[PDB]
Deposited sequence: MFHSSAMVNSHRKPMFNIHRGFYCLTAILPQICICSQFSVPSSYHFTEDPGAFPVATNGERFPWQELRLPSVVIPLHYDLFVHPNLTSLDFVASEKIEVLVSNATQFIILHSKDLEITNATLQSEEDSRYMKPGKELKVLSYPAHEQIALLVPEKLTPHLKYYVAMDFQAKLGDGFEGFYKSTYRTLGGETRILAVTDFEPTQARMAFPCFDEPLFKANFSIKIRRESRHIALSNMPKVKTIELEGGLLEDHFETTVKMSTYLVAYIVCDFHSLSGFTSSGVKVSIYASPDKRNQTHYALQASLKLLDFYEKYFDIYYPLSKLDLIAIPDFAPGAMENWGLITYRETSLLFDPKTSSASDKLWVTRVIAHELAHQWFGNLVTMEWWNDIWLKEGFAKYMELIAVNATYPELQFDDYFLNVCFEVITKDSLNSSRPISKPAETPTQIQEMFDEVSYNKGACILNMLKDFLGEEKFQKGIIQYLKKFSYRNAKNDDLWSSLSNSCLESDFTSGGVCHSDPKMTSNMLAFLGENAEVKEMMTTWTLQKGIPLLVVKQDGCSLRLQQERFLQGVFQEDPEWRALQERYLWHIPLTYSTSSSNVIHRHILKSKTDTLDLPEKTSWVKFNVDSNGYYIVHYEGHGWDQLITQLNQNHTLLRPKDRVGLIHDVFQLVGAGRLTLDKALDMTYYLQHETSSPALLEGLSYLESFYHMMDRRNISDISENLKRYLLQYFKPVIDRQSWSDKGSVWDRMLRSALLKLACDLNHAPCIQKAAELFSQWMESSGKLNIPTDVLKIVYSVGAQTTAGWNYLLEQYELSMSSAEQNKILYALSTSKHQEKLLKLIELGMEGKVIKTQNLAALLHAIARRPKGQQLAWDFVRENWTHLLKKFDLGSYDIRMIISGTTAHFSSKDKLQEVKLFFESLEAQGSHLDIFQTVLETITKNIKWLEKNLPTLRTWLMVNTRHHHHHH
């Protein structure tokens, strides 16, 4: 069970022993940004709760040269020796420290090692990044990213989030660099040869994955929150101007969170820094949050309204973590939604509260619809499941841990109301401050809202409704997928019935009965009727139940405003009824009810519970619809049918769609200005509508956009393009070897990585194979087009008909190289796989992908995303074979 030199490596489990608890780490790191390596040492104060001959902790890719143990309490180890024998077992990323004399329960010891490695080459542990300056200089910084399991690549440590400790960090550096870390800098002291050495205030108790340090030459803007925290935004010096909005938003959010959670942020400073090469979107390292440049930086001339909205989100997301994750931390990675689900959910409360004009409230339903796909497949997973190897732990970061977790919290908040929800939250955070919780600690704390309360008879429903709350959500976390609520209206008697919603699996399928087996949700229902817009609430705990309506009514609309994580079906006239209402007077349904009805109709076609012609019937009212969320939801289905047709050659149906979209909706498309004027939905509407018109080669749209591009190129950036149409204008621009060349050159020179983002997109809507592969080759290189951007580039290329095949060929014929740059469980490889295959909709393509996935399990590689893809290409094939002629005739009928 053992190896390396020989010898029995004394520990066997992948998890660490719990006999040696860490308490304080003295960490000294000395990096050199010229030799691109580092030297380092640590002293770890541990407490032993059991007698042991050995200590076990993590360490990967680090060379260890000293190993001593000390104690002020165990004379045998009194200063300075002894020396420990060090035993390495890479397969478990562990090392063993072999103590000469079995240690003593309840006494403290001091472990000490010296370690060194090259600066990392990826996006892991202590790695190298580079940026360009305004003068075309290329500089180097060194930066940490640890989540989940890579602190162990920087320093040996008890590397599991339970082993919270205090950290005391010192860093050696040249005068041209600063050094940053979790905590403020107490001391710089100067040294012999002229080097400096920063001391940082000891951390509070905290998990290893959040420890951070950076050595760079960046610049900042600072400001102070209402409660005295110094917020600073760091970016490379030529981008200082782009940090203003981040400074403004962090202050108001950190304010908001202190008041909302009723718990001060504990450190004196909060730094946000924008790292040029950064794989995740951001990481919530306590006191030193790192960001993708596009998550943090903003610049009014090239960053759109959508951009701002994204930057605010990510900032609100990371600050939320300072309490959810850093303050209170998962016991282990199985319950990782405990922090990502909550940070995600809190983007909504905090951004709604601090920036209501961003209208983020209306964008939150998209987070939940986006996860209802995926979750309507059998390859889904529950929100908490066991996970033990590092890849599986990385795999826990997906739309389920984040989106779905945030969505069911929203459900529960709507049930208990905001006050009891906030109160529950505050108690969760206050109670596990500086330690760890699991699922059940949350549910207990969310249910519970001389003596504290007054005694009553009504008290029994306060102790029993509380127990209901806990019983409820354990079904939402331990069960994969989402419930279909099927309503039958006949009389003033409504029959209720829950199934597991399945897509590409119809009510009468040979595989349907098994997949439906043991599933049952405590679904907190809501609804309203045509009579009174008054919400009623009932809790369907059983596979069957019924309700009497206090009147007769035209229609019943379940799932008010879509606060609930379920789809609704109406048997009988229900669908005919509600659609009629939408056709005649649509404003007698609340806007979010509309968004939901549109959503659910199209989702139910997929499930075979409804014919496509009935969905397509509902979209007719969109000619009258001015609520942008519902109008854009609606359009999005028509726009995806088109691209799906376009992706096959099915050009008779595609051309009909193009005509129905430009004809119907011709008025709304035509009110659109090529400007940045109006509200945020106003501008979300404008970019959408114009993008659609130039995708469908509308002659006005293509000509306006093409003009702006010449005006722009022939002034070499002088006259300027309103942000909301920037991406359109550039991509129409890219349709010639001239524009595309110019744009590629503008990419290298630009200093808005949000502009770069729009340019590289535009560049991928070209039709020449040569251009698309060039984009990819560059992407591999990592010089022109950074490798952090490759996965999204392949995705953009594959999305479009001319690039479908190329992206596929490339992913297969270059798989080995792809993996040298990213971990198998990285969001990069997940997206590279998925983005190049999941839109495929034919028996042929399904075959090839089945083969390419098989081969990857010849070699040592398994991911869930394999089944999920195949289940999505299958879902697609059925959709076409079971709905396509209905779409063909509904258009033809319509042309008539």
* Sequence ranges without modelled C-alpha atoms (deposited numbering) -> 1-53, 503-514, 962-967
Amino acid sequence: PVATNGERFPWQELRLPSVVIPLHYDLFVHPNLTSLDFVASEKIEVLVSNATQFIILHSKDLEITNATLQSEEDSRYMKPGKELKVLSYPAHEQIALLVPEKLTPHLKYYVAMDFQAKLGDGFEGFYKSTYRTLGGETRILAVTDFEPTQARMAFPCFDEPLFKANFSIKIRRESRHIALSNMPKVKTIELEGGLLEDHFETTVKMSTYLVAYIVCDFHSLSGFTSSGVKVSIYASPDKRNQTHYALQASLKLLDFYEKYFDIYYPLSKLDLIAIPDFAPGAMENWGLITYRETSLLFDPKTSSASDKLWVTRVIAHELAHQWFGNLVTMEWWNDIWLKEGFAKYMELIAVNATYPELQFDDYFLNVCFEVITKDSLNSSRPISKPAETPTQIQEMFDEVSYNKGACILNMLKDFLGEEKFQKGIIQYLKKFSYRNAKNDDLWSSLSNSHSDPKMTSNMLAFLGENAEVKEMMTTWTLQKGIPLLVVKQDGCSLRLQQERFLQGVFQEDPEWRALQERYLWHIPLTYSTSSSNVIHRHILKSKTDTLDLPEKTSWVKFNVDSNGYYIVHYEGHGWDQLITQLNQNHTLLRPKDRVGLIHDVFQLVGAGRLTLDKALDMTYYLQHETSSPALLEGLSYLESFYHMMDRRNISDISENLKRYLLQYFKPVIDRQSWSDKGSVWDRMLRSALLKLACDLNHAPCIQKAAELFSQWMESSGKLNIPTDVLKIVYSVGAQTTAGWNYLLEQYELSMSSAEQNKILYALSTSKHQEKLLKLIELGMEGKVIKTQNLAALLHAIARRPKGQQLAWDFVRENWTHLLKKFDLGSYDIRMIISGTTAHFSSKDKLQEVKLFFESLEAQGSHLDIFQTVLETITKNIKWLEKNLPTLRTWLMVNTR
From here on, numbers count along this sequence of modelled residues.
* **No coordinates for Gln507 in a third or more of the other PDB entries** => yes
* **Entries skipping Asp452: at least a third of other ones** => yes
* To do: Taking the mean of the C-alpha B-factors per stretch from the entry, tell me the winner out of 451-459 and 134-142.
  => 451-459
* What stretch has the higher average Cα B-factor here, 525-533 or 422-430? -> 525-533
* Out of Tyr570, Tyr245, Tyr264, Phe163, which one has a C-alpha B factor higher than all the others in the entry? -> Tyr570
* Structure fact -> From the entry's CA B-factor values, the highest among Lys543, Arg240, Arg176, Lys230 is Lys543
* Asked: Sorting the chain's CA B-factors, does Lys170 end up in the lowest, middle or highest third?
  -> lowest
* **Ranked against its chain, the third holding the CA B-factor of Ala615** => middle
* C-alpha B factor of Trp443, ranked within the chain: lowest, middle or highest third? -> highest
* Sort the modelled residues of this chain by their C-alpha B factor and say whether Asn326 lands in the lowest, middle or highest third. => lowest
* To do: Please place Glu357 in the lowest, middle or highest third of its chain by C-alpha B factor as given in the entry.
  => middle
